[PDB]
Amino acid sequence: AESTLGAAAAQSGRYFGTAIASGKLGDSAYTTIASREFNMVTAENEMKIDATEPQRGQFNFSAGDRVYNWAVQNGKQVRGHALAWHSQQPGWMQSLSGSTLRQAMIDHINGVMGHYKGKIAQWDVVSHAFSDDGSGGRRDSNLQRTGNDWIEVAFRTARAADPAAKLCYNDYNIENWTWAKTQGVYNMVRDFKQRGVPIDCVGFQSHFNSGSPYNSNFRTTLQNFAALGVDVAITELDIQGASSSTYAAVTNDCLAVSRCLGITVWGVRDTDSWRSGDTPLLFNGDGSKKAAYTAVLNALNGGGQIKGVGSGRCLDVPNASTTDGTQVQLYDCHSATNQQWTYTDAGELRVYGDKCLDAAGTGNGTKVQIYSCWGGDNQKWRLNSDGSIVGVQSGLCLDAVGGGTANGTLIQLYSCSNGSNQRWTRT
């Protein structure tokens, strides 16, 4: 299969997952998308320390089990997150220190993994243990204060608790190979593999934004870790603005690494994101597939003028007008700026540099025209492999009215039918 992300990833033995929030499982729109598109699930918060052990020695898996059960019942594997780290610790653990904390860490690992023994594909045993100060050293936390060997102990503890799960070390800002933090983690994992410390995978948060941009060397980082004899996984992927090229680039980086088990995006819809202001996911708040969704799907499946297949004519702006509201048409192809369209990272089809292919509404018969670019979803489009061009907001296809093929035939939105008047070739 290749119409959904998970199924597309499965073609190469990989998975495409998401972070599930138990509180959203009652949202039909949410579950419809999540059950259909992903085959791997990570509990967004339900399996963390405070959620699973609210009081010292008192475990609770009500929320964790609901996420786990929803996942397995809907055909998805699960990544456990997270067993031992400085963040979101319950009040009682935050106050602990020394051997007492070290013992509480061990007890927590045994309790949680024991509850889910043999049912978890991957466990983020330790996460966010390194600093961002630029030294490439450990983060100063109550756990780190118990001794530099706490991470190694956590992993040894984890292996014994559940030998069937892949044990991962997860962190962020370790994607760019030139960063000190990336090197610090690399050296630790290398040391671990050399000394025989039980670690099977390294998780890369992959939280990209202009403050910590994606860089092509992320593939090199993944390959360098894979060379150490550990699998790698993109664990919390989200990209500020959801650039189509960047999402495709990250997807292809995993596909280029044999040991990359799969990719998980941190959330379903932008409105479900912990960073919603950055609209960093693959689905909009209304549940519509974004331009980035198609870019990712295309990559997973192994994937100028815009000419209509049925007419042989090009998408044209009448008389090279730059007036907002000018409906586009079909016209004999020729070298002119009013027939030169540029597909942007945001999913727009631009002309003249700052004018956007624009849908004047959302239903069948909607006029498609040029309008000043401003970021509306009615100005975003998905370029499908079959040649159809679908409006993000409407979910409708660019359509040459009535199947017309002569010069002057107007363009509208219309239910996709795979008709020749809805298929386009880019040159």
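The first residue of the sequence shown is number 1, and the count goes up from there.
Report, from the record, the number of residues in the deposited sequence between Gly303 and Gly304 that have no coordinates, as none, 1 to 3, 4 to 9, or 10 or more.
4 to 9 residues are missing.
May I ask you to compare 192-200 and 308-316 by their mean CA B factor in the entry and name the higher one?
It is 192-200.
Comparing 144-152 with 110-118, which stretch shows the greater average C-alpha B-factor in the deposited entry?
The entry gives the higher C-alpha B-factor average to 144-152.
Name the one of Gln77, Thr322, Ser273, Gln327 with the greatest CA B-factor according to the PDB entry.
Checking the PDB record, the top C-alpha B-factor among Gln77, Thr322, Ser273, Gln327 is at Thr322.
Using the entry's values, work out which of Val351, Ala336, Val230, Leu282 has the largest Cα B factor.
If I rank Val351, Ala336, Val230, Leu282 by C-alpha B-factor, first place goes to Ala336.
Split into thirds by Cα B-factor across the chain's modelled residues, where does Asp132 land: lowest, middle or highest?
Ranked within chain, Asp132 CA B lands in the highest tercile.
C-alpha B factor of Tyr30, ranked within the chain: lowest, middle or highest third?
Answer is middle: the recorded C-alpha B-factor places it there.
Quick check on the deposited entry: does the C-alpha B-factor of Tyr172 sit in the lowest, middle or highest third of its chain?
For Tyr172, the deposited C-alpha B-factor lands in the middle third.
Could you tell me which third, lowest, middle or highest, the C-alpha B-factor of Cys416 occupies within its chain?
For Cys416, whose C-alpha B-factor we compare with every modelled residue in the chain, the answer is the highest third.
Sorting by Cα B-factor within the chain, modelled residues only, which third would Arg138 end up in: lowest, middle or highest?
Answer is highest: the recorded C-alpha B-factor places it there.
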